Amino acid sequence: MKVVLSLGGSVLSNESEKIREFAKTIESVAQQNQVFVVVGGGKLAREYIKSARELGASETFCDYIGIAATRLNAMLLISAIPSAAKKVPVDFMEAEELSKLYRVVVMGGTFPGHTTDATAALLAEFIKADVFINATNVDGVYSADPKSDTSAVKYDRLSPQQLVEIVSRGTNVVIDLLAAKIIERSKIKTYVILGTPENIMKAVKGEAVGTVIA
């Protein structure tokens, strides 16, 4: 009922119809429940940090650029969902404050550090979330020897401790180590899924999608 959804980089980079698709799902879940959405920087952030590093930015300043970019993507998503707070919170208190007036709150990053997965895990904990749904571009958590290679299946369920070990332990991560550690501390039922309207809906409805962690 208290959902933290995490939309990573790649997972909806500025395509009008796909964004409409995601928002519609989020709106649906919001009719029944209380949704927090953390968007990531996507192409936008990657691009700009790249360019900003190229121009000789401090890592801290890069960090700011990144957050900015997340906030922008977040704005874009908010356009699409009418029940969302039109304000992009800049911290969790703000995010929770807004949760008292709105069924959907949508934020980018906060602290200039580790990102999105970790950020949303922190948020889930902070607000005592019912379910942390981490919508990524892969289907779940995958074996030692992961990736898009041949020696690979996902784990349909996992313990926190298992997940920690698995990421303790290119290209994209996914789930961050600190995110996992945070999930272990928080004892919050997590999903790691292929981020599509259907799967998100399924995860909300407490079913077998991707990798359940509890």
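From 1 onward, residues are counted along the sequence shown.
Going from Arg169 to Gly170, you skip over 4 to 9 residues of the deposited sequence that the entry leaves unmodelled. Mean C-alpha B-factor is higher over 138 to 146 than over the other stretch, the pair under comparison being 119 to 127 and 138 to 146. Once the C-alpha B-factors are averaged per stretch, 42 to 50 and 173 to 181 rank with 173 to 181 first. For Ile65, the recorded CA B-factor ranks within the lowest third of the chain. Only modelled residues enter the ranking.
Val4: CA B factor in the lowest third of modelled residues in this chain (values from the PDB entry). Annotation for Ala57: CA B-factor lies in the lowest third of the chain's modelled residues. In the PDB entry, a CA B factor belonging to the middle third of its chain's modelled residues is recorded for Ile19. Sort the modelled residues of the chain by CA B factor and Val192 lands in the lowest third.
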